[PDB]
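Participant: Input: one structure, supplied below.
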Amino acid sequence: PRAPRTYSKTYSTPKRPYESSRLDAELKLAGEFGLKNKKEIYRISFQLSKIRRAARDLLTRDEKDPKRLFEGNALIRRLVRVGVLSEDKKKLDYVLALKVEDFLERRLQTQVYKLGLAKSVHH
Amino acid sequence: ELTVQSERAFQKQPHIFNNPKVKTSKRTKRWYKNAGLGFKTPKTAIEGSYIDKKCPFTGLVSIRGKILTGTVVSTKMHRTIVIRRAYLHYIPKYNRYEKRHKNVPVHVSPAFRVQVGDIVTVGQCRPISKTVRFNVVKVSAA
Amino acid sequence: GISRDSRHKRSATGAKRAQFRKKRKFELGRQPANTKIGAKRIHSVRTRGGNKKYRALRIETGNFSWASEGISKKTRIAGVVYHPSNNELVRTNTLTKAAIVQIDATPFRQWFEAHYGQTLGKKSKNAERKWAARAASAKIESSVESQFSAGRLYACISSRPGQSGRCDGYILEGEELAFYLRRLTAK
Amino acid sequence: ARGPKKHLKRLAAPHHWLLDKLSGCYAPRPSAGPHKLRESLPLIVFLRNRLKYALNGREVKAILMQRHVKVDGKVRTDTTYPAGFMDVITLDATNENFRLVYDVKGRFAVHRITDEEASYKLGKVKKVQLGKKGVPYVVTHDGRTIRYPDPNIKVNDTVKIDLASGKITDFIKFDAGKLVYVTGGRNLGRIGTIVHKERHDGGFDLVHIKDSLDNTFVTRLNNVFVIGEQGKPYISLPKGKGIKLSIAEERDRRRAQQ
RNA sequence: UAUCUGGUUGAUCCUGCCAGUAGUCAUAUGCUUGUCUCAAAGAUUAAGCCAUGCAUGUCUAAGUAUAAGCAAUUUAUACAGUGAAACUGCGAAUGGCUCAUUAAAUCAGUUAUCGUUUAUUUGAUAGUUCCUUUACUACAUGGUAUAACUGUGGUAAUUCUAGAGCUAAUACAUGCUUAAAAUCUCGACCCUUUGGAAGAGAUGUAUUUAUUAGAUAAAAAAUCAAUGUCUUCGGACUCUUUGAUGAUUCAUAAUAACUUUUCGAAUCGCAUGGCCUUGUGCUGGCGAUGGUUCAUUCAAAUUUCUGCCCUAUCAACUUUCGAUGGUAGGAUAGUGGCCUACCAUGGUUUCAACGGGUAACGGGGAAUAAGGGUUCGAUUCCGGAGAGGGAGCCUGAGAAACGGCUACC
RNA sequence: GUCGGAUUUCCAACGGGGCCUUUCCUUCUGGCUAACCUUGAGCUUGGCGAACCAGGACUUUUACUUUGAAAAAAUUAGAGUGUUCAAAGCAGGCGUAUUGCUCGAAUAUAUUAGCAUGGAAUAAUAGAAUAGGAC
RNA sequence: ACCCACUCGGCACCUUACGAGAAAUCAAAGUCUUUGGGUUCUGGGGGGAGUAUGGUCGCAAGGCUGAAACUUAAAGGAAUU
RNA sequence: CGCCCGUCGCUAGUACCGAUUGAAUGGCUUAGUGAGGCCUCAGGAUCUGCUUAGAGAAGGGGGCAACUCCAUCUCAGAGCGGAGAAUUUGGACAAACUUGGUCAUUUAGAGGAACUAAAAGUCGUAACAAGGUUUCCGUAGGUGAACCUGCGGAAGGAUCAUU
RNA sequence: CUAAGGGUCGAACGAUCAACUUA
């Protein structure tokens with residue numbers, strides 16, 4: 001009779017699973033960023049869809065809106081904190097212009113490569 | 001109606017005693033109460049002779065809670081009439097309303113005069129009968 | 001036992017209500033008392049939340065009060081002569097609320113003789129002063145005094161015997177006495 | 001169900017208790033007492049999760065059995081005693097007296113009062129009646145019965161109970177220009193002044209309480225608690241005094257504090 | 001992340017369906033299976049049936065002990081330390097499990113109890129109980145068992161029980177013990193008659209009945225039936241008293257009675273202190289238990305408004321023998337056809353009544369998607385029903401209880 | 001006018017309130033008498049009551065819409081938070097680290113029905129016609 | 001009674017296609033993805049089948065309401081060669 | 001030399017009808033019988049309190065001679081009472097059984113009449129061209145079979161055309 | 001035993017009569 005724990009699925013399978021154009025796109029991304037499962041690409045796209053949906057819902061509200069402002073800066077502050085959005089792009093419109101590569105670059109795997117301690121993403 | 005005493009028992013206001021050895025004003029004592037909510041007691045309930053222990057102004061019933069309104073569709077019972085209340089239920093699916101009606105049986109007092117096709121307001125009181133749970137407080141007709 | 005719910009009865013639309021619950025205890029109902037007269041036998045029935053109720057059977061004597069005079073004297077009962085609801089109660093002489101009993105009324109006559117100093121039909125300054133002071137009020141209606149010459153007045157039990165274990169009431173006087181007298185007299 | 005219920009699962013407990021949802025499936029159901037279960041605070045949760053003096057359930061029991069706390073003058077020994085609004089817990093050890101006052105956010109507080117302040121408790125009377133033997137009495141919000149009160153005292157006012165002697169020493173009438181304390185509802189914990197009220201003789205009397213920052217809100221008369229006149233509170237107000245800043249102002253306050 | 005494709009034709013554009021596609025707190029199964037965290041799990045058919053073992057018993061400083069139980073009192077001659085069993089007081093009606101029944105029923109939001117009960121708590125609350133009330137009676141205090149226990153036993157078996165002998169209570173059944181004043185009733189007497197009265201009874205609370213008060217928007221005069229305060233009896237007359245509610249025959253008070261009679265402490269644990277008329281004299285604390293009434297709280301039970309799946313190859317339903325309403329009475333803790341006696345013939349319905357099916361407990365919610373919506377919801381939370389199918393009942397504040405009994409299949 | 005924050009008279013716009021133009025959009029007892037014609041030498045005694053209330057009064061009806069109280073939690077969206085990331089959870093953070101101190105534990109949605117509330121568009125609704133019509 | 005001009009209601013007709021439709025074609029079959037003037041009825045792949053049964057009307061023949069099991073990946077519409 | 005229709009015959013499946021006052025299962029229910037708990041009218045085993053109540057006879061105190069006073073092992077006899085089971089009259093609640101009725105769910109059945117699936121069964125050629133009798137719609141009759149014929153209507157015709 | 005089914009002479013009213021039935 002204890003309160004049940006909450007679980008959620010963090011990835012979204014593509015509606016079209018069988019397409020050469022998308023298939024090669026994720027293979028290029030996975031190989032460049034060193035990813036084994038394409039569910040990792042499915043996961044990171046799922047997070048992008050959620051924040052885009054939340055940001056889109058904010059953009060249908062007028063300016064000087066307490067709900068739009070508070071959640072708008074909070075989402076913007078989180079994005080600039082994690083490093084996916086530059087300081088001069090904090091205007092709530094570039095948030096909709098974020099891509100998967102920008103989020104993938106912030107992963108610790110790529111940062112280890114960038115600082116020069118692995119010599120290869122697989123390493 | 002025609003006769004105040006038309007039953008086997010003697011109809012009287014409970015615990016109201018008229019002393020047979022005095023000649024005080026307004027002969028038989030007629031206890032009356034004010035329902036409230038701006039509902040004035042009709043003069044018939046003040047100078048009348050009916051008892052109607054369930055009357056909202058001369059009986060013992062206390063009126064509290066909802067104060068509904070509706071027209072009169074039937075008057076074939078004794079001291080009790082049926083009212084019809086019309087509302088508009090909203091269906092969330094096809095973005096509009098529909099007409100619906102409910103027949104609420106209410107208790108009426110001999111002081112009031114209600115006919116078929118009369119908008120009346122009824123107040124909630126204690127259960128008077130199996131289906132009757134409202135009392136007429138004010139008839140609205142010219 | 002006897003149920004007291006509204007789930008075993010037809011609805012206002014004539015529909016037959018289906019069974020929902022077994023007969024609950026907070027809707028229980030016990031049997032009628034049917035109180036007789038003489039040889040007092042009062043039983044007790046345990047009710048909800050304690051509060052014992054005295055079930056009355058065969059009550060011999062009760063309390064009756066003269067509203068006009070304002071007194072209340074113990075008086076023996078001797079049967080009922082009129083009952084509005086049913087007539088078999090009159091035949092069986094069962095004591096229930098709102099029943100026209102025919103009381104002994106002997107103490108009431110004794111009180112009147114000892115209070116206002118007058119006799120119904122049929123030497124001390126302290127007593128005489130009250131008797132003279134209480135004048136102009138020793139005259140009552142003809143019906144009550146006529147029944148006093150009969151040594152019996154009519155009354156009406158105003159206390160529920162089964163629920164309270166006591167049957168109390170008042171002596172009829174006024175329009176009620178005239179009303180009930182006509183029904184008894186009516187041919 | 002065939003009688004009363006003595007249990008409280010850890011999902012139907014009042015949300016202002018700030019209880020978790022993983023440490024057990026039950027909640028400390030308060031026993032019958034001065035206040036309702038949904039409008040009070042058990043002694044166990046207050047000492048275990050608020051003051052953090054006790055860790056486990058038995059530690060609260062050991063502390064309570066040792067005759068340390070004193071609620072409204074009485075020592076008390078029940079772990080589920082329903083201490084609610086206007087309840088003062090006095091601790092002989094640690095030299096602290098604690099008063100249960102709602103916060104702006106919607107929960108209880110740990111407001112500390114001086115020993116002089118703990119000697120008196122404010123109480124909102126609920127009923128005034130002429131009891132048996134013709135003696136008048138009043139019924140405060142805590143259920144205390146005080147005989148022979150001031151005739152000027154009527155319904156919906158506040159009295160200053162002496163606690164130690166249980167006698168009324170001061171009464172505050174309900175009128176315009178009175179500082180109150182909202183107890184219960186989505187607007188609970190707000191402190192403001194009364195400007196006017198619409199009587200609405202059908203139930204649920206409403207009063208327009210105005211904050212010191214020109215903010216106005218509507219709260220039913222059953223959820224109000226007059227705590228003094230305009231500008232002078234008869235009780236030491238909690239920190240913040242019910243300003244009720246918005247989510248934007250709160251965030252700037254945090255960023256101005258870190 | 002507001003997306004389609006393949007298939008009728010020699011070929012084309014359509015309608016149209018099939019199939020493909022992705023997801024499922026929707027399951028089942030197959031193949032394979034290395035790790036960390038979290039975690040569902042005899043619901044679907046059978047609310048089918050159950051071996052066996054458990055699932056509710058319980059004490060303090062403070063109800064009752066001489067265990068013919070255990071240590072030691074050495075502060076205790078009656079125990080007074082610990083303490084099985086038993087009596088007693090409470091709890092066992094919570095929790096847990098299942099979704100069979102049930103389609104204005106349950107249930108959800110929302111009202112009322114001025115129409116009711118309420119253990120346990122919280123805050124208050126019994127100078128009035130000796131009734132020819134002067135010997136009629138212990139009030140520095142009354143009576144009666146009984147369990148455990150000792151011994152006799154019975155039956156194959158049972159949480160089966162008897163006969164004999166004790167003993168206890170916060171066990172049963174009785175029961176008194178503190179002032180002073182105030183009115184109602186009485187009234188022996190003085191009896192001048194403006195009239196005063198020695199002395200006696202009752203007045204707490206609880207149940208029942210009848211009556212009264214429970215109120216009071218604004219200012220001045222003519223008289224009386226008898227002057228009423230004080231008197232120049234020319235009359236100044238003010239002084240006077242009852243709260244709340246939108247609203248009550250409300251709370252409350254006083255009269256006249258009713259009770260076979262409710263309560264008004266014969267209970268218990270610590271520390272033992274003061275006054276002296278120097279005494280088992282008189283006062284005296286911190287508590288526990290219980291108790292009548294009110295309020296409060298945990299509740300319980302009725303109840304105002306709106307809202308539930310598919311069906312007309314269900315169009316009229318209900319009232320024999322309760323249906324609609326009224327009167328009066330029973331019963332209930334209360335309102336009420338809940339029931340009874342009489343009277344009137346009403347009440348519902350195409351605005352979807354009634355009847356039938358439900359792989360129907362309902363809701364909070366779950367899956368699915370731009371929006372709209374569709375489907376599911378036994379299942380952790382809330383409100384309901386049941387203990388195999390029904391009926392009946394004791395105890396208790398609370399059960400129509402089944403890990404309580406009684407009867408039938 | 002402070003050093004990419006923030007001011008005074010502003011060209012401008014935008015929602016609100018009040019007043020007048022034939023446009024009462026209820027007033028009686030009251031006390032505040034209010035804005036007091038009240039004026040004492042310039043901080044002064046006496047204007048029409050809701051702008052503060054207690055009460056009588058006609059308060060013709062809605063459908064609709066704005067706002068507020070109300071919609072138990074869990075759940076959903078979602079603020080903050082190094083479960084090491086994450087599913088989660090509501091924890092945590094900071095010292096002179098021997099005395100300790102302290103921000104949190106939000107917010108939002110929640111059908112229909114019920115309650116109050118400002119408005120008057122939209123859609124109906126009754127008023128005074130062999131005048132039983134209003135001051 | 002005819003000629004000319006105008007007007008209202010008609011049975012309709014000729015030419016174009018703004019516009020609609022899959023096209024044949026349409027002064028509506030137009031003012032429908034720039035989707036909303038008011039209202040009624042009917043249809044959800046082709047067979048089984050307007051069959052079986054149950055109601056209802058009729059002297060009968062027959063009319064109204066009206067399925068399911070089962071089977072199939074096609075039938076069907078307009079045009080081109 | 002395309003497509004296609006029906007009767008009849010063989011094989012299988014599905015559904016309908018069907019005499020058998022069919023069968024089985026479950027719900028509802030008239031009536032009869034009616035357990036049991038409960039409430040009432042009685043009942044009285046049994047236990048126990050109180051009031052006298054005389055005697056078989058000891059004991060002590062008093063006239064000390066007969067005689068007198070109360071306690072005792074003992075037994076009748078009379079009432080004043082309290083608790084009080086088995087049993088019992090009546091009443092309401094009402095399990096269950098029997099007998100029927102009704103509703104709903106499956107199922108046997110000679111035979112009758114259909115539909116569907118059936119590589120190359122028989123007979124005829126009804127429809128698609130003016131399909132060789134233009135088709136189709138209704139109605140009635142007839143015929144192994146498609147189908148034919150009578151009456152009325154339609155073009156979905158083979159005629160947008162006779163001032 | 002109760003209730004119900006009439007004539008009748010003069011707010012509906014007081015007298016008078018006999019009759020077979022039903023619940």
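Numbering starts at 1 and runs along the chain as displayed.
Quick reminder: no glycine exception, Cβ is built from N, Cα and C everywhere.
Pulled from Swiss-Prot, these are the listed features:
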type	residues	note
CROSSLNK	D:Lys61	ubiquitin cross-link
CROSSLNK	D:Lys133	ubiquitin cross-link
CROSSLNK	D:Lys160	ubiquitin cross-link
CROSSLNK	D:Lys167	ubiquitin cross-link
CROSSLNK	D:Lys173	ubiquitin cross-link
CROSSLNK	D:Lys178	ubiquitin cross-link
CROSSLNK	D:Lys210	ubiquitin cross-link
CROSSLNK	D:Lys232	ubiquitin cross-link
DOMAIN	D:41-104	domain 'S4 RNA-binding'
MOD_RES	D:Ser31	phosphoserine
MOD_RES	D:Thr114	phosphothreonine
MOD_RES	D:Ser246	phosphoserine
Participant: For the recorded positions D:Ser31, D:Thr114, D:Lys133, D:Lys173, D:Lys232, D:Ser246, which residues show a Cβ-Cβ distance under 8 Å to chain A?
Facilitator: D:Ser246
Participant: Let me check the 10 A CB neighbour count of D:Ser31 (phosphoserine). How many other CB atoms are there?
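Facilitator: Summing over all protein chains shown, D:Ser31 (phosphoserine) has 13 other Cβ atoms within 10 Å.
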Participant: Indicate the candidate from D:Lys133, D:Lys160, D:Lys167, D:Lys173 with the smallest number of other Cβ atoms within 10 Å of its Cβ, considering only these recorded sites.
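Facilitator: Relative to the other recorded sites in D:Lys133, D:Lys160, D:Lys167, D:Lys173, D:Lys133 has the fewest Cβ atoms within 10 Å.
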Participant: Look at each of the recorded sites, D:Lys61, D:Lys178, D:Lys210, D:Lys232, and point out the one with the fewest other Cβ atoms around it within 10 Å.
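Facilitator: Taking D:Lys61, D:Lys178, D:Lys210, D:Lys232 as the recorded sites, the minimal 10 Å Cβ count falls on D:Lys232.
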Participant: Hey, how far is D:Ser31 (phosphoserine) from D:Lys167 (ubiquitin cross-link), Cα to Cα, in Å?
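Facilitator: Between the alpha carbons of D:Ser31 (phosphoserine) and D:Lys167 (ubiquitin cross-link) there are 26 Å.
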Participant: Determine, using Cα-Cα distances only, which of these recorded positions is closest to D:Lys210 (ubiquitin cross-link): D:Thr114, D:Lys133, D:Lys178, D:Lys232.
Facilitator: D:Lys178
Participant: What is the total of other Cβ atoms whose distance to the Cβ of the residue listed as 'phosphothreonine' is within 10 Å?
Facilitator: 9
Participant: Please work out the helix, strand and coil residue numbers for the domain 'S4 RNA-binding' (D:41-104) from the DSSP assignment.
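Facilitator: Per-class counts: 20 helix, 17 strand, 27 coil.
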Participant: Taking only the recorded sites D:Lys133, D:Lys160, D:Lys173, D:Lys232, which one has a CA atom nearest to the CA atom of D:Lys61 (ubiquitin cross-link)?
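Facilitator: When the Cα distances are compared, D:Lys160 comes out closest.
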Participant: Tell me, which recorded positions from D:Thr114, D:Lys160, D:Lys173, D:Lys178 are within 10 Å of D:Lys167 (ubiquitin cross-link) if we use the C-alpha atoms?
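Facilitator: Of everything listed, what lies within 10 Å of D:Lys167 (ubiquitin cross-link) (Cα to Cα) is D:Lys160.
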Participant: On a C-alpha basis, identify the one among D:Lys173, D:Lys178, D:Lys232, D:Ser246 that is nearest to D:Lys133 (ubiquitin cross-link); the candidates are the recorded positions.
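Facilitator: For D:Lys133 (ubiquitin cross-link), the closest Cα among D:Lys173, D:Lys178, D:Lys232, D:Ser246 is found at D:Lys173.
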